[PDB]
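K.L.:
This is the structure I have questions about; it appears just below.
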Amino acid sequence: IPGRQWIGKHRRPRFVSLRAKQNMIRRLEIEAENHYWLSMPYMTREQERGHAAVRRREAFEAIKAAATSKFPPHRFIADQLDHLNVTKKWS
Amino acid sequence: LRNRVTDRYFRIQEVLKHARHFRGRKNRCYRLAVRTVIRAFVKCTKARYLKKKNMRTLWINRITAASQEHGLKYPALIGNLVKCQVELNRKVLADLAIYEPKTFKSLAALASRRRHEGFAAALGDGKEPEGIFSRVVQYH
Amino acid sequence: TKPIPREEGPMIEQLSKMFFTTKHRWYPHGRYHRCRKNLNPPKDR
Amino acid sequence: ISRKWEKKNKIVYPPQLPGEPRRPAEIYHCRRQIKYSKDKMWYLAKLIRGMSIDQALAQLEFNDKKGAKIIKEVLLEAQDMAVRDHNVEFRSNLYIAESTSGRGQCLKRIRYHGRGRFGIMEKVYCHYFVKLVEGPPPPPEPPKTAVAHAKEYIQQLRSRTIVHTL
Amino acid sequence: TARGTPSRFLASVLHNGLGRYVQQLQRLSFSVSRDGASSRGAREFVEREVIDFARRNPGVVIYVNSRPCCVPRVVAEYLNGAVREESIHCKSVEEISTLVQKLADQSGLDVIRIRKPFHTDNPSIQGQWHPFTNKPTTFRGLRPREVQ
Amino acid sequence: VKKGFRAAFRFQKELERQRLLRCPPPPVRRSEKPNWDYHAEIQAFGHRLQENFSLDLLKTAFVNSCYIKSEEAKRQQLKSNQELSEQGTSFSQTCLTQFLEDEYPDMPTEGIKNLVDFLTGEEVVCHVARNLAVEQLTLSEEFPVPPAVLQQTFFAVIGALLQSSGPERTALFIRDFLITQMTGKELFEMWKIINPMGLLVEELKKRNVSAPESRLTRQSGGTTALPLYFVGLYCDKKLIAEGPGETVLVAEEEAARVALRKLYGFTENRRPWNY
Amino acid sequence: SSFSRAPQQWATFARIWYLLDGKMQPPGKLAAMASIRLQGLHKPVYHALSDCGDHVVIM
RNA sequence: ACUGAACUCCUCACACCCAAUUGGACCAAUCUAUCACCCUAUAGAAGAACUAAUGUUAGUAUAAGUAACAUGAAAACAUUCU
Ligand SMILES: [Mg+2]
Ligand SMILES: [Mg+2]
Ligand SMILES: [Mg+2]
Ligand SMILES: [Mg+2]
Ligand SMILES: [Mg+2]
Ligand SMILES: [Mg+2]
Ligand SMILES: [Mg+2]
Ligand SMILES: [Mg+2]
Ligand SMILES: [Mg+2]
Ligand SMILES: [Mg+2]
Ligand SMILES: [Mg+2]
Ligand SMILES: [Mg+2]
Ligand SMILES: [Mg+2]
Ligand SMILES: [Mg+2]
């Protein structure tokens with residue numbers, strides 16, 4: 001072939017087998033059923049308005065509150081004194 | 001030199017103990033052994049996928065051969081053992097194909113029986129009584 | 001049922017013709033391959 | 001420098017029992033700093049590695065190489081110390097079990113080339129190692145016949161297992 | 001890797017499960033320094049846990065040595081003569097309880113690669129395949145292009 | 001000269017490990033090495049196998065006679081082993097013939113006697129006792145322990161457990177250690193025989209059945225160096241066995257062996273041992 | 001079943017001479033069957049390193 | 001219909017596949033302080049880690065036992081001859 005098979009002006013040919021046709025067809029059928037089930041909403045756009053504003057508001061209060069509660073951890077005496085047991089002996 | 005390295009023999013021996021069976025100077029010289037030991041470890045991890053793959057294609061070769069002994073082919077055998085809710089896998093069916101060939105012959109007769117119930121089932125379309133081995137067990 | 005009835009070149013052609021295999025597995029292999037062989041392999045079963 | 005080969009004639013064994021075969025003697029002799037190279041000594045050392053000492057003396061009296069006379073000096077000296085020091089009764093009853101040759105401490109001289117450039121010659125020295133063993137020489141290994149190859153192939157066929165299953 | 005390391009087949013010691021189960025671990029040998037931070041969690045293991053461990057399985061005999069060591073060790077010795085020496089150097093008490101319980105649970109087989117994940121010794125019950133299974137005989141045992 | 005101690009110490013130990021793996025030391029017995037308490041280890045031997053002994057009697061069970069002789073010869077500058085071993089080999093032979101005569105009723109008594117000569121032989125018993133920590137606890141003269149001594153101590157432990165907890169717990173002990181050594185083993189790898197065809201003819205005469213025809217069923221490669229034959233053995237036109245072979249004689253004798261397995265219930269497909 | 005070790009092993013791996021008439025037959029469709037019976041791919045004991053092929057005579 | 005992935009499911013375990021860059025957890029050996037005492041611990045320090053600079057120095061390979069090199073002849077080693 002003139003150069004680098006798959007890019008360029010003179011590319012080598014590639015042909016569509018029966019595998020690739022049946023694959024593309026069953027993808028189109030799954031797609032067309034997605035086109036069926038998106039054609040019938042349970043609400044209009046007026047009816048859905050504000051139906052989850054409370055839960056979205058409380059969810060962002062949870063994210064906002066998790067953001068504004070970030071601070072260094074507590075420092076204890078028992079950890080620092082607990083280091084002293086590295087020279088614990090027997091007798 | 002204030003502190004220069006003393007423990008260096010053991011790092012060389014960490015790498016070189018994996019090279020003890022190589023050819024050439026790869027078993028001896030550290031510069032060559034690092035490349036071939038790294039490379040042997042990369043092949044060692046990428047060959048786990050190939051171990052699983054090659055075992056499975058080896059099982060499909062064994063199930064294919066022993067099902068050609070009973071007149072069936074591989075896709076009729078596997079598809080029609082699936083359609084009986086006998087969900088044995090490829091490893092077990094290859095091991096029955098080798099060690100217990102009466103059981104594999106009875107699985108071949110069960111799969112070909114179900115295949116002919118599928119042929120006579122799709123042949124006489126419309127409402128007809130179902131096959132006996134064509135019944136499914138409903139779980140709930 | 002049936003009843004029971006009652007030189008290196010030439011030697012490697014004779015063994016190859018005898019066991020129906022090619023000539024190459026009859027020529028020997030050197031010390032490096034004789035001494036990588038696991039001489040006490042694991043038995044099973 | 002290591003000189004471990006002179007020590008090997010010093011290993012004393014405990015005295016044997018009545019119920020034990022007679023041990024063959026072993027005689028370790030070597031010469032150091034032979035002015036000859038270590039791989040021209042390999043051919044003469046390799047030549048005599050299983051022959052008896054009378055056969056090896058016969059093969060080294062008539063070889064044109066320089067090392068043959070020196071190896072014949074080593075073998076005559078090890079035959080004499082074989083008889084005197086090591087309790088080997090028959091002079092003829094000795095075969096060369098080991099005849100190797102390492103490298104010696106070499107020197108470095110300057111070889112002048114065709115311009116200001118040059119090279120580094122080495123004045124090459126070598127050693128020569130010998131273990132003689134009391135006894136007849138071992139027989140040469142017979143080449144394996146079609147019976148041995150047939151039994152080896154069939155033994156491999158009997159060896160094999162159904163693999164990657166139970 | 002697996003080609004540089006030896007391998008073995010999956011076995012047991014003396015058919016370790018068939019009749020009865022026998023604990024395969026004979027001796028543990030702790031060597032624990034009295035004064036030394038290396039064997040601190042070993043000492044806290046001897047003060048706390050080696051007695052309850054020694055009672056939970058009485059087929060194991062335990063030798064705490066308490067010498068001035070600089071790295072503490074535990075030496076598990078198994079019924080088949082295998083001796084696995086592992087270090088408890090600077091390990092906490094819980095990690096020595098899991099380590100000693102790990103040595104107790106296993107056996108004196110090598111920790112080299114195991115080839116097959118299973119070991120039948122009677123693999124075939126209906127008779128193994130040979131090429132004359134699944135081949136029908138013919139009359140008088142005749143072979144092809146044989147007349148009589 | 002690099003200053004330090006730790007690489008010199010570790011390399012000193014790896015020189016020690018190469019000095020070991022170059023010149024391996026002779027095997028010293030376990031009692032002559034540290035971390036040994038012989039009484040605590042007899043008690044651990046008792047609790048390890050899950051039974052109870054009378055511990056002084058197990059102490060007499062591990063003490064040989066050659067150790068007593070060499071110990072007296074070292075006194076110049078204890079009860080022996082024979083009794084408990086005698087009781088243990090008498091009882092172990094009787095329990096192995098009870099278990100084998102019950103679980104294989106079709107066997108001849110010659111074959112059962114040779115199976116008990118396998119299960120109480122030195123290869124099996126010496127294989128069992130080296131993995132039950134018996135060899136470490138035997139007080140003997142030479143090391144490593146000779147096989148007849150270690151067999152004598154093994155049946156000393158069996159007779160000791162007879163006097164400890166009666167016949168039935170020893171019957172379970174022999175059930176769980178001596179019988180499990182025949183699992184996966186052929187009959188004629190245990191009861192080794194010569195000329196199975198004549199023995200098969202006598203076994204057919206004891207069932208009052210006419211003499212069998214050896215009869216070539218299937219073959220392959222008859223003129224090559226790798227033949228294969230399946231000789232069957234018919235008995236009034238009904239086969240008892242059929243076996244393969246590289247020649248015809250090998251397949252005939254091996255079909256005689258398959259027929260002997262099927263007459264005795266010692267097939268490959270027999271009901272396994274019940275535990 | 002109930003063989004010994006070596007006769008069972010010899011029986012499993014012994015190779016079988018096949019005959020195969022090729023009158024009025026295409027050579028590639030004979031070559032498929034001859035190829036399968038030469039590699040041992042008609043055996044469930046097949047492995048590429050067990051040397052379990054057979055002999056095929058095409059007349 | 002089957003085959004077919006590191007995708008997904010399955011049993012157990014999960015921090016454990018990017019350049020330049022950046023954040024973090026550990027850490028070999030050495031010395032110092034103090035423990036320790038068949039080779040360690042907590043810190044403090046620093047000439048603190050090399051499969052790569054036509055790197056430097058030393059060793060030994062390869063090319064290779066290769067290219068190249070060298071003694072006129074006989075004899076009594078007095079001599080003679082070319
Ligand atoms: Mg191109
Ligand atoms: Mg040079
Ligand atoms: Mg898959
Ligand atoms: Mg994934
Ligand atoms: Mg994860
Ligand atoms: Mg530090
Ligand atoms: Mg630096
Ligand atoms: Mg370096
Ligand atoms: Mg680099
Ligand atoms: Mg460099
Ligand atoms: Mg050279
Ligand atoms: Mg030359
Ligand atoms: Mg050249
Ligand atoms: Mg020249």
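Following the order of the structure tokens, first chain is A, next is B, and so on, with residues numbered from 1 inside each chain and ligands from 1 in the order they appear.
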How would you report the residues lying within 12 Å of ligand 8, as number ranges by chain, if you count only C-alpha atoms (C1' of nucleotides) and all ligand atoms?
P.N.:
B: 5, 8-9, 11-12, 29-31; H: 49-52
K.L.:
Pick out the residues sitting within 6 Å of stretch 102-118 of chain E, and hand them over as a PyMOL selection string; count only C-alpha atoms (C1' of nucleotides), and ignore anything fewer than 3 positions along from it in its own chain.
P.N.:
chain E and resi 7-10+24-25+78+82+98-99
K.L.:
Find the residues near residue E:74: any atom within 12 Å, counting only C-alpha atoms (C1' of nucleotides), skip ones fewer than 4 places away on the same chain, and give them as a ChimeraX atom specification.
P.N.:
/E:27-32,39,42,45,62-66,69,83-89,91,96-97,99-101,103-104 /F:35
K.L.:
With 9 Å as the limit and counting only C-alpha atoms, what residues in chain G lie close to chain D? Please list them as a short mmCIF file (atom, residue, chain, number, x, y, z; two decimals) with N, CA and C atoms, in the first residue's frame.
P.N.:
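Below is the file iface-v4.cif, written as the result:
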```
data_model
loop_
_atom_site.label_atom_id
_atom_site.label_comp_id
_atom_site.auth_asym_id
_atom_site.auth_seq_id
_atom_site.Cartn_x
_atom_site.Cartn_y
_atom_site.Cartn_z
N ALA G 6 1.51 -48.30 34.53
CA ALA G 6 2.11 -48.30 33.20
C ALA G 6 1.23 -48.86 32.08
N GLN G 9 -1.27 -45.99 31.45
CA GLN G 9 -0.56 -44.88 30.82
C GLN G 9 -0.21 -45.21 29.38
N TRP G 10 0.15 -46.46 29.11
CA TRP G 10 0.43 -46.86 27.74
C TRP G 10 -0.83 -46.87 26.91
N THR G 12 -3.52 -44.93 27.31
CA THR G 12 -4.06 -43.59 27.08
C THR G 12 -3.31 -42.88 25.96
N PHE G 13 -2.00 -43.08 25.88
CA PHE G 13 -1.15 -42.31 24.99
C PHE G 13 -0.69 -43.09 23.77
N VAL G 45 -7.12 -36.13 25.52
CA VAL G 45 -5.83 -36.10 26.21
C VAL G 45 -4.85 -35.18 25.48
N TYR G 46 -5.35 -34.38 24.54
CA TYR G 46 -4.52 -33.50 23.74
C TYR G 46 -3.80 -32.47 24.58
N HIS G 47 -2.50 -32.40 24.36
CA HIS G 47 -1.72 -31.23 24.72
C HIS G 47 -0.58 -31.16 23.73
N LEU G 49 2.45 -30.46 24.13
CA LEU G 49 3.71 -31.00 24.62
C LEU G 49 3.62 -32.42 25.13
N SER G 50 2.52 -33.12 24.90
CA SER G 50 2.46 -34.50 25.35
C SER G 50 2.80 -35.49 24.26
N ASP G 51 2.98 -35.02 23.01
CA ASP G 51 3.33 -35.84 21.84
C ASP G 51 2.29 -36.94 21.62
#
```
K.L.:
Would you mind listing what lies within 9 Å of residue D:51 as a count of residues only, with only C-alpha atoms (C1' of nucleotides) counted and same-chain residues fewer than 3 positions away left out?
P.N.:
11
K.L.:
To check your reading of the model: which residues sit at most 10 Å from ligand 5 when counting only C-alpha atoms (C1' of nucleotides) and all ligand atoms? Write the answer as a VMD selection string.
P.N.:
chain H and resid 13 to 16
K.L.:
When you look at residue G:15 with a cut-off of 12 Å (counting only C-alpha atoms (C1' of nucleotides)), what residues show up, excluding the ones that are within fewer than 4 positions of it in the same chain? I need them as a PyMOL selection string.
P.N.:
(chain C and resi 19-20) or (chain D and resi 157) or (chain E and resi 130-132) or (chain F and resi 219-222+224-229+246) or (chain G and resi 10-11+37-40+42-43+45-46+50-56)
K.L.:
Check which residues fall inside 9 Å of ligand 11 when counting only C-alpha atoms (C1' of nucleotides) and all ligand atoms, and print them as a list in words.
P.N.:
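Listed by chain and ascending number, the contacts are residues 37, 38 and 39 of chain D; 62, 64, 65 and 66 of chain H.
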